[PDB]
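Structure file input-v6.txt (compact mmCIF, C-alpha atoms) is printed below.
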# COMPACT_ATOMS: atom_id res chain seq x y z
CA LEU A 244 40.30 72.37 107.58
CA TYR A 245 43.39 71.52 105.54
CA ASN A 246 42.48 74.43 103.25
CA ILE A 247 42.24 76.64 106.33
CA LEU A 248 45.56 75.52 107.81
CA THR A 249 47.22 75.66 104.36
CA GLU A 250 46.70 79.41 103.85
CA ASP A 251 49.65 81.81 103.82
CA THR A 252 48.03 84.22 106.24
CA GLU A 253 51.35 85.57 107.49
CA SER A 254 52.66 88.57 105.50
CA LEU A 255 49.27 89.40 103.99
CA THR A 256 48.35 93.10 103.88
CA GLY A 257 45.81 95.27 102.11
CA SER A 258 42.21 94.37 101.36
CA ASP A 259 43.23 90.70 101.15
CA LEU A 260 43.54 90.80 104.94
CA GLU A 261 39.91 91.95 105.10
CA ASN A 262 38.91 89.22 102.65
CA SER A 263 40.72 86.58 104.71
CA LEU A 264 39.09 87.75 107.94
CA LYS A 265 35.73 87.71 106.18
CA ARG A 266 36.32 84.16 104.96
CA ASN A 267 37.84 82.67 108.12
CA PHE A 268 35.33 84.49 110.35
CA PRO A 269 32.04 84.85 108.47
CA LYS A 270 29.60 85.40 111.32
CA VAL A 271 31.45 86.75 114.35
CA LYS A 272 32.40 90.28 115.23
CA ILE A 273 36.19 90.22 115.61
CA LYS A 274 35.93 92.96 118.24
CA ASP A 275 33.54 90.72 120.16
CA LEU A 276 35.91 87.76 119.78
CA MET A 277 38.90 89.62 121.29
CA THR A 278 38.03 88.74 124.89
CA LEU A 279 39.23 85.54 126.49
CA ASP A 280 35.80 84.05 127.19
CA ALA A 281 34.91 84.34 123.49
CA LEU A 282 38.13 82.62 122.50
CA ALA A 283 37.42 79.89 125.02
CA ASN A 284 33.85 79.24 123.94
CA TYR A 285 34.22 79.81 120.20
CA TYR A 286 36.93 77.16 119.83
CA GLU A 287 35.53 75.01 122.69
CA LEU A 288 38.65 74.80 124.84
CA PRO A 289 38.98 75.90 128.48
CA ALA A 290 40.00 79.48 129.13
CA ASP A 291 42.91 78.36 131.31
CA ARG B 1841 18.73 56.81 136.42
CA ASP B 1842 16.16 59.34 137.68
CA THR B 1843 18.26 59.87 140.79
CA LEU B 1844 21.24 60.63 138.55
CA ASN B 1845 19.16 63.31 136.83
CA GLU B 1846 18.36 64.54 140.34
CA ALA B 1847 22.10 64.68 141.02
CA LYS B 1848 22.67 66.69 137.85
CA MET B 1849 19.97 69.23 138.69
CA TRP B 1850 21.40 69.73 142.20
CA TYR B 1851 24.94 70.31 140.91
CA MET B 1852 23.62 72.65 138.23
CA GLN B 1853 21.82 74.63 140.94
CA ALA B 1854 25.12 74.88 142.82
CA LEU B 1855 26.88 76.08 139.66
CA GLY B 1856 24.07 78.61 139.27
CA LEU B 1857 24.91 79.95 142.72
CA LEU B 1858 28.62 80.18 141.93
CA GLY B 1859 28.20 81.55 138.42
CA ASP B 1860 31.08 82.22 136.02
CA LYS B 1861 34.44 80.68 136.89
CA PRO B 1862 36.92 83.55 137.46
CA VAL B 1863 39.77 83.39 134.96
CA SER B 1864 43.01 83.84 136.87
CA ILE B 1865 45.21 86.37 135.11
CA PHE B 1866 48.86 85.54 134.53
CA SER B 1867 49.80 88.20 131.99
CA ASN B 1868 49.91 91.00 134.48
CA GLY B 1869 51.40 94.31 135.52
CA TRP B 1870 53.47 92.24 137.96
CA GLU B 1871 57.07 92.88 137.09
CA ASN B 1872 59.64 90.60 138.64
CA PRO B 1873 61.07 92.79 141.41
CA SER B 1874 64.22 92.63 143.46
CA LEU B 1875 63.72 91.37 147.01
CA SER B 1876 65.49 94.53 148.15
CA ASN B 1877 63.07 96.48 145.97
CA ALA B 1878 60.05 94.45 147.11
CA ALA B 1879 60.69 95.05 150.82
CA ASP B 1880 61.25 98.80 150.94
CA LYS B 1881 59.96 100.63 154.02
CA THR B 1882 58.75 103.47 151.79
CA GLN B 1883 56.70 100.88 149.88
CA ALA B 1884 54.56 100.27 152.98
CA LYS B 1885 54.68 103.87 154.23
CA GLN B 1886 53.24 105.21 150.97
CA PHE B 1887 50.63 102.42 150.96
CA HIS B 1888 49.27 103.13 154.43
CA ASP B 1889 49.64 106.87 153.78
In structure tokens, how does this file's structure come out?
Amino acid sequence: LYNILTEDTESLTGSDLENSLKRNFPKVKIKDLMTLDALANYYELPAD
Amino acid sequence: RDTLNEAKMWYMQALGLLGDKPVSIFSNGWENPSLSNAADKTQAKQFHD
């Protein structure tokens, strides 16, 4: 988790953005994660 | 103990009736209007029209 929170994800363009989304989100569909219920349940915090 | 599991199955049945808790929106098309602008007579005339 320190290696996750360490990453310089800001100002990262090109195919390295795709690689970072593939690493930090291996299994989900990002388009399925965009809704608020998915962001509540995936990180296990209330939607409020 | 068994009566506490009874309590849990009753409250889960009630949650099954209610369903999914409705997320109240706050990011909204609600601008912050003027009270003069919010209480226009045209604003109710057009509505009921």
Distance limit 12 Å, atoms considered: only C-alpha atoms. Which chain A residues sit that close to chain B? Return them as a PyMOL selection string. chain A and resi 278-280+283+289-291
Find the distance between atom CA of residue 271 of chain A and atom CA of residue 287 of chain A and write it in Å to one decimal.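 Computing the Euclidean distance for atom CA of residue 271 of chain A and atom CA of residue 287 of chain A yields 15.0 Å.
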If you measure from atom CA of residue 266 of chain A to atom CA of residue 288 of chain A, what distance in Å do you get, rounded to one decimal?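 Atom CA of residue 288 of chain A lies at a distance of 22.1 Å from atom CA of residue 266 of chain A.
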Between atom CA of residue 247 of chain A and atom CA of residue 263 of chain A, measure the distance and give it in Å to one decimal.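 Pair atom CA of residue 247 of chain A / atom CA of residue 263 of chain A returns 10.2 Å.
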Where is the centre and how long are the edges: axis-aligned box on segment 1851-1868 of chain B, 5 Å on each side, Å to one decimal, as AutoDock Vina command-line options:
--center_x 35.9 --center_y 80.7 --center_z 137.4 --size_x 38.1 --size_y 30.7 --size_z 20.8
Spatial neighbours of residue 246 of chain A, max dist 12 Å, all atoms listed in the file, sep filter under 4 positions, as a ChimeraX atom specification: /A:250-252,266-267
Take segment 1841-1865 of chain B, bring it up to N, CA and C atoms, and give me the output as an mmCIF file, in the coordinates of the input.
data_model
loop_
_atom_site.group_PDB
_atom_site.id
_atom_site.type_symbol
_atom_site.label_atom_id
_atom_site.label_comp_id
_atom_site.auth_asym_id
_atom_site.auth_seq_id
_atom_site.Cartn_x
_atom_site.Cartn_y
_atom_site.Cartn_z
ATOM 1 N N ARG B 1841 18.673 55.836 137.511
ATOM 2 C CA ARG B 1841 18.730 56.810 136.420
ATOM 3 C C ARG B 1841 18.099 58.142 136.798
ATOM 4 N N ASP B 1842 16.866 58.109 137.314
ATOM 5 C CA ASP B 1842 16.160 59.340 137.680
ATOM 6 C C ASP B 1842 16.857 60.045 138.827
ATOM 7 N N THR B 1843 17.491 59.279 139.705
ATOM 8 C CA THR B 1843 18.260 59.870 140.790
ATOM 9 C C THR B 1843 19.573 60.449 140.284
ATOM 10 N N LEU B 1844 20.109 59.949 139.168
ATOM 11 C CA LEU B 1844 21.240 60.630 138.550
ATOM 12 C C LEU B 1844 20.822 61.950 137.905
ATOM 13 N N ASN B 1845 19.620 62.017 137.328
ATOM 14 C CA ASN B 1845 19.160 63.310 136.830
ATOM 15 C C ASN B 1845 18.889 64.287 137.965
ATOM 16 N N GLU B 1846 18.434 63.765 139.103
ATOM 17 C CA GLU B 1846 18.360 64.540 140.340
ATOM 18 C C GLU B 1846 19.721 65.079 140.754
ATOM 19 N N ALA B 1847 20.750 64.236 140.682
ATOM 20 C CA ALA B 1847 22.100 64.680 141.020
ATOM 21 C C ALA B 1847 22.560 65.794 140.097
ATOM 22 N N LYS B 1848 22.263 65.669 138.804
ATOM 23 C CA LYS B 1848 22.670 66.690 137.850
ATOM 24 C C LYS B 1848 21.953 68.013 138.098
ATOM 25 N N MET B 1849 20.670 67.967 138.464
ATOM 26 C CA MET B 1849 19.970 69.230 138.690
ATOM 27 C C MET B 1849 20.428 69.889 139.991
ATOM 28 N N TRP B 1850 20.844 69.104 140.999
ATOM 29 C CA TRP B 1850 21.400 69.730 142.200
ATOM 30 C C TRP B 1850 22.756 70.376 141.920
ATOM 31 N N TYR B 1851 23.642 69.692 141.183
ATOM 32 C CA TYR B 1851 24.940 70.310 140.910
ATOM 33 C C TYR B 1851 24.816 71.499 139.971
ATOM 34 N N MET B 1852 23.832 71.484 139.073
ATOM 35 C CA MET B 1852 23.620 72.650 138.230
ATOM 36 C C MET B 1852 23.055 73.818 139.020
ATOM 37 N N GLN B 1853 22.250 73.550 140.051
ATOM 38 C CA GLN B 1853 21.820 74.630 140.940
ATOM 39 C C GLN B 1853 23.002 75.224 141.703
ATOM 40 N N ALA B 1854 23.938 74.374 142.131
ATOM 41 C CA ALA B 1854 25.120 74.880 142.820
ATOM 42 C C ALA B 1854 26.006 75.712 141.896
ATOM 43 N N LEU B 1855 26.160 75.275 140.643
ATOM 44 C CA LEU B 1855 26.880 76.080 139.660
ATOM 45 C C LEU B 1855 26.148 77.376 139.347
ATOM 46 N N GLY B 1856 24.818 77.373 139.441
ATOM 47 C CA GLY B 1856 24.070 78.610 139.270
ATOM 48 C C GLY B 1856 24.312 79.584 140.402
ATOM 49 N N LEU B 1857 24.511 79.069 141.616
ATOM 50 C CA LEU B 1857 24.910 79.950 142.720
ATOM 51 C C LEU B 1857 26.300 80.519 142.510
ATOM 52 N N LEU B 1858 27.257 79.681 142.111
ATOM 53 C CA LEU B 1858 28.620 80.180 141.930
ATOM 54 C C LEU B 1858 28.726 81.109 140.733
ATOM 55 N N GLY B 1859 28.263 80.670 139.569
ATOM 56 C CA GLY B 1859 28.200 81.550 138.420
ATOM 57 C C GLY B 1859 29.235 81.289 137.349
ATOM 58 N N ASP B 1860 30.030 82.307 137.029
ATOM 59 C CA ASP B 1860 31.080 82.220 136.020
ATOM 60 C C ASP B 1860 32.412 82.003 136.716
ATOM 61 N N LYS B 1861 33.173 81.021 136.249
ATOM 62 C CA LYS B 1861 34.440 80.680 136.890
ATOM 63 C C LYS B 1861 35.458 81.777 136.624
ATOM 64 N N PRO B 1862 36.039 82.384 137.658
ATOM 65 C CA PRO B 1862 36.920 83.550 137.460
ATOM 66 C C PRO B 1862 38.240 83.137 136.827
ATOM 67 N N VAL B 1863 38.518 83.691 135.650
ATOM 68 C CA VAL B 1863 39.770 83.390 134.960
ATOM 69 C C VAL B 1863 40.911 84.091 135.692
ATOM 70 N N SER B 1864 41.853 83.299 136.184
ATOM 71 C CA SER B 1864 43.010 83.840 136.870
ATOM 72 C C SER B 1864 43.968 84.447 135.861
ATOM 73 N N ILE B 1865 44.263 85.738 136.011
ATOM 74 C CA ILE B 1865 45.210 86.370 135.110
ATOM 75 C C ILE B 1865 46.626 85.889 135.428
#
